[PDB]
Amino acid sequence: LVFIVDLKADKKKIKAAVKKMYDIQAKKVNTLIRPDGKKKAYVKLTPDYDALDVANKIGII
Amino acid sequence: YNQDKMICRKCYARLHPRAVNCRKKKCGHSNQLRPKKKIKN
Amino acid sequence: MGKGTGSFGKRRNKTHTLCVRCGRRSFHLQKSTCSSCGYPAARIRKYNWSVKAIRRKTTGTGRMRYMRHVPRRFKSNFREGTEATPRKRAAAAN
Amino acid sequence: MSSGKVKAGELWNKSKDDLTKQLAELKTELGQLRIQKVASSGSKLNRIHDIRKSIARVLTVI
Amino acid sequence: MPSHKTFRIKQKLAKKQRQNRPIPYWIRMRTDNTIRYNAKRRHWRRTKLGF
Amino acid sequence: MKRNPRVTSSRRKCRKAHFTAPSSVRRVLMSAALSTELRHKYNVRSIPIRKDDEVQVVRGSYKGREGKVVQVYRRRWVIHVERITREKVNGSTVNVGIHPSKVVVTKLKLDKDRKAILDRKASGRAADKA
RNA sequence: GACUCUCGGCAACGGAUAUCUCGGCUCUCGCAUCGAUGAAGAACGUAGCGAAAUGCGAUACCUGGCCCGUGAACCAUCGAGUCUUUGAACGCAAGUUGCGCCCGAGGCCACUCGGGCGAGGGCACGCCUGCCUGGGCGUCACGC
RNA sequence: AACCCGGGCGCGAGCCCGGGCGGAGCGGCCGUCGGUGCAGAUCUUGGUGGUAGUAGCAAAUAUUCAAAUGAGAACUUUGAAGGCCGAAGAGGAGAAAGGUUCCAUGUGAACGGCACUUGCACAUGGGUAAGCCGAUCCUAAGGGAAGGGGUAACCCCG
RNA sequence: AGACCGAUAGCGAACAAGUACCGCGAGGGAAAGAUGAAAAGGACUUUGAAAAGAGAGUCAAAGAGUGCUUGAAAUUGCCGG
RNA sequence: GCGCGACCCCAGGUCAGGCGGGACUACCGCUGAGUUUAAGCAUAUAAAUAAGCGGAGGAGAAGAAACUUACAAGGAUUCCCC
């Protein structure tokens, strides 16, 4: 899953934040400053609960 | 570090000091590397 | 060989970068000094022989200032009075 | 209720316990107005303004 | 290497870059007054970046 | 220039203050002169208008027309009245904004609180009259 | 029977002239502080569409105190709150960011000995006043 | 009022009218104020003519024939033919520096010293993902923080 | 407030102004107002490489049509003597 | 020829309580030029200016006489007028 996050992020707080609010374990998180001014984060999830049907209830393309 | 990176004479592709070999496309233990001579003019 | 035409290309290297204190490209990085505000330097650079445009800038001008002024105009620090609720009420008399 | 809210006086006459459930509900719904930004509806306009105020009202009042 | 990395210049350069966009069709319309030639809008070839 | 201990005269500031107008000064721009029956029930020469009022066009080409006020704009104090429109080149029909000075209020939506102000101005104007 | 001189007509170009003035200039009265309880200087966010502007602040044109009774704001709002981050900038560093250590209630597992989450707080600008800590200075008590 | 054209008076500075235009302000007498009169000052600023459809768009000889697409094709794109680049007069990877110039789609007023369907021009979207690359930790000319003291003080040695 | 100035004047700045822009930096620094009573701010049709043009429509007025009041000069074209 | 507890001087820490360091346009307190003028120039003048520096307030600053005096009286101190 791919989120845009705050600029006083990390990877541990997002690995927690995603966990609370979407009920999923996340395995790694990858973090970028963007030409937006914003932080672009790619969040790789456990196969136990797949990004596809995690996503569907807040659909995203 | 004084080792800099090793750049391949065939492909010209840069691949470490710990990698033994190049591989940019099938370069594949062609061993045709020379290191960056470690900094000029 | 020589001056400007070749010496403009040589150049690549940097002295004046942004200051943290004033927000203006003027901080002389390897001589650790701002030629626009002083930094490091305890009190902010003001010279009063650099007269008209420069003096006004160094005063600054981008303030909140309304926010201080409204208190200054009030004087107090208290507010009670909560009038206009069904009865109604007590901003009229009788 | 099930419809959006609020008045200033209504929050004031709610307990600390009530208003934080209300603050809870509000972030959650706000969170919806973020995915509903992909939709781009005019309902997510009006509402994303007015929810912003309701958060500010709950935060001040507490 | 990175591609000079530091976040602290790098963000602010990216802010000026986001700030250098067109005015938004609307602000020409409601409008008070102007040939709205925005104007602080800066270019890859010409004049020169500042901090 | 002429008189009273107050803030204001003043040909530079007043022309600036009222053309771009701040709020109660914007509320004052919304005043339209009463019709005569209302003028003697509520005892006043002019009142701020409204939206379920009814208004007769005196000044313009529209002069003689009467209609309900659709909406009024604060920013550029103008009001739109029903059926006072002109048709755009495509043919769509657009309202024509009118200044309140041009119009006179035939009928008011009385309210109760705004009614209470009406009840207040009547009391005021009894002290000039008798 | 070319092309060319001078003046004019008609038009353009250009933006003088004349009036207008959401502005100054100047003179004058009034009034008069803001601060380490983070001012003032600046950053970058902040919108439906957001590049301007002024306005704000990681809460983000803030805001606290749809037409017949509590919406809106240089209506006055002599009214008060957030006030991120840098900035005197104060834990430390620094190209408006970052940083590693200590302390932590209350959830847990072992459910015995222990661990491990978590808000929040702390890490010489100087000086005074109250408390601890140590010799140095003249000594009393004391046995020799 | 202003402007343009002429008519009348005054040696005259200048006054006045008629026509057109313009579409709101304008005089006269007296008494006063004064940012009070230009052709000029290598005068300033702005505009504008001749210079002129003139100089430049010339040295690596670089394209040519078919074809695509297009309202439009010498210069966009395919193929063929033909060359040029060789420590890089035009290959690969990068430092600084730039600062989004990258990719895609859609355009074409300005640019490109010309055409332009094209583009590094314009507009809108999109892309950069680190336990094992680098930052980061160390320490080197030194920037130095730390007495005392000159110095009001800034500031400077230790 | 005014025997001030009135858009080359007055502040550098009537507007997006210490903006656009210049300089490594200290610092330097412009040009920039006015359709109309009301947007009524140019439908519909013909044409065209594009813009635009033609015709028509609105208004007292479009040589009032968008840096749109007036519209000099210097200048250009056409044209008349 | 001696150790100890206590008084008293100095020093470091500590948390507390309290204040101060920067700012606002000028006003408002030390150091301290030159062009210039004297048709030159060196004292003198420009000028105790400008500038630099420090620090205050809504105003500062100055104040109730070891004062004036030229008599014979006045009676803290600024400022205005001369």
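Bear in mind these aren't lab numbers, they're just calculated from the coordinates by the rules spelled out. All Cβ positions, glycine included, derive from the backbone under ideal geometry; neighbour counts span all protein chains shown.
Pairs meeting the criteria (first residue in region C:5-21 and under 20 Å from C:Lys31 (Cβ atoms), second residue of a type in the set (D, E, K, R) and within 10 Å of RNA strand H (Cβ to nearest atom), beta carbons under 9 Å, at least 6 apart or on different chains) are C:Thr15/C:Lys31; C:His16/C:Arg25; C:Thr17/C:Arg25; C:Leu18/C:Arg25; C:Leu18/E:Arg8; C:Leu18/E:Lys12; C:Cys19/C:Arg25; C:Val20/E:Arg8. Of all the criteria given as (1) surrounded by 14 or more Cβ atoms within 10 Å (Cβ to Cβ); (2) in a helix (DSSP H, G or I), the one not satisfied by D:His49 is (1). Within region D:44-62, residues that are within 15 Å of D:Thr28 (Cα to Cα) reach partners that are not in a helix (DSSP H, G or I) with beta carbons closer than 8 Å, at six or more positions or on different chains, in the pairs D:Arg47/D:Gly4; D:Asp50/D:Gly4; D:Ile51/D:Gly4; D:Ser54/D:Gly4; D:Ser54/D:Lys5; D:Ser54/D:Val6; D:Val58/D:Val6. Total residues in region C:38-59 satisfying the condition of being near RNA strand G (Cβ under 8 Å from one of its atoms) and in contact with a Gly (Cβ under 9 Å, 6 or more places away or on another chain): the figure is 1. Restricted to helices (runs of 4 or more DSSP H) entirely inside region F:1-49, those with at least 2 residues that are of a type in the set (D, E, K, R), within 14 Å of RNA strand G (Cβ to nearest atom) and within 17 Å of F:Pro100 (Cα to Cα) are F:23-28.
Screening A:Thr46 on (1) β-branched (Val, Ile, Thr); (2) under 24 Å from E:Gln11 (Cα atoms); (3) more than 13 Å from chain D (Cβ to nearest Cβ) shows it passes everything except condition (2). Just need a number here: residues in region A:15-39 that are touching a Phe, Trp or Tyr at 6+ places or on another chain (Cβ under 8 Å), away from every other protein chain (no Cβ under 12 Å) and surrounded by 14 or more Cβ atoms within 10 Å (Cβ to Cβ). Residues in region A:15-39 being touching a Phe, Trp or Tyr at 6+ places or on another chain (Cβ under 8 Å), away from every other protein chain (no Cβ under 12 Å) and surrounded by 14 or more Cβ atoms within 10 Å (Cβ to Cβ): 3 in total.
Scanning region E:15-45 for residues that are under 20 Å from C:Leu18 (Cα atoms) and either away from chain A (no Cβ under 14 Å) or touching a residue at least 24 places away in the same chain (Cβ under 8 Å) (or both) yields E:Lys16, E:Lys40, E:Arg42.
The set of residues from region D:26-44 being hydrophobic (A, V, I, L, M, F, W, C) and surrounded by 12 or more Cβ atoms within 10 Å (Cβ to Cβ) comprises D:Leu26, D:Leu30, D:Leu33, D:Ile35, D:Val38. Candidates C:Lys57, C:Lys46, C:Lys88, C:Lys52: the one that is closer than 27 Å to E:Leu13 by Cα and either within 11 Å of RNA strand I (Cβ to nearest atom) or surrounded by 10 or more Cβ atoms within 10 Å (Cβ to Cβ) (or both) is C:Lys57. The residue list E:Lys48, E:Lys12 contains one member that is assigned to a loop (DSSP other than H, G, I, E, B) and within 14 Å of chain C (Cβ to nearest Cβ), which is E:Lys48.
Return yes when A:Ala51 is surrounded by 13 or more Cβ atoms within 10 Å (Cβ to Cβ), more than 21 Å from D:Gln36 (Cα to Cα) and away from chain D (no Cβ under 14 Å) and no when it is not. No: the conditions fail for A:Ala51.
Is it the case that A:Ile61 is without any contact (Cβ under 8 Å) to a residue 40 or more places away in the chain, away from chain D (no Cβ under 14 Å) and of a type in the set (A, V, I, L, M)?
Details: without any contact (Cβ under 8 Å) to a residue 40 or more places away in the chain: yes; away from chain D (no Cβ under 14 Å): no; of a type in the set (A, V, I, L, M): yes.
Answer is no for this residue.
I'm trying to understand the selection: among the residues of region E:26-51, which are over 28 Å from A:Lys39 (Cα atoms) and not hydrophobic (A, V, I, L, M, F, W, C)?
In the first step, residues of region E:26-51 are kept if they are over 28 Å from A:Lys39 (Cα atoms); the result is E:26-39, E:45-47.
E:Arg28, E:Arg30, E:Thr31, E:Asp32, E:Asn33, E:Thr34, E:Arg36, E:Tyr37, E:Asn38, E:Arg45, E:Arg46, E:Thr47 - these are the residues of region E:26-51 that are over 28 Å from A:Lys39 (Cα atoms) and not hydrophobic (A, V, I, L, M, F, W, C).
If the condition is being in a loop (DSSP other than H, G, I, E, B) and within 7 Å of RNA strand G (Cβ to nearest atom), then region E:15-31 contributes E:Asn20, E:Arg21, E:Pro22, E:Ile23, E:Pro24. So which residues in region B:15-29 are within 25 Å of B:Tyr1 (Cα to Cα), touching a residue at least 12 places away in the same chain (Cβ under 8 Å) and in contact with a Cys (Cβ under 9 Å, 6 or more places away or on another chain)? Answer for region B:15-29, where residues must be within 25 Å of B:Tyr1 (Cα to Cα), touching a residue at least 12 places away in the same chain (Cβ under 8 Å) and in contact with a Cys (Cβ under 9 Å, 6 or more places away or on another chain): B:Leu15, B:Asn21, B:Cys22, B:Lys24.
Of note, C:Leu29 satisfies the criterion of being among the aliphatic types (A, V, I, L, M) and in contact with a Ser or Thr (Cβ under 7 Å, 6 or more places away or on another chain).
Looking at region C:18-41, which of its residues are within 11 Å of RNA strand H (Cβ to nearest atom) and either surrounded by 14 or more Cβ atoms within 10 Å (Cβ to Cβ) or closer than 17 Å to C:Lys57 by Cβ (or both)? Listed by number, the residues that qualify are C:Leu18, C:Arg25, C:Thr33, C:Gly38, C:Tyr39.
Looking across region E:1-40, the residues that are more than 30 Å from F:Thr20 (Cα to Cα) and within 12 Å of RNA strand I (Cβ to nearest atom) come down to E:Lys16, E:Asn20. Filtered by the rule that a residue be assigned to a helix (DSSP H, G or I), over 13 Å from D:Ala56 (Cα atoms) and hydroxyl-bearing (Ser, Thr, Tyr), region D:4-33 gives a lone residue, D:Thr28.
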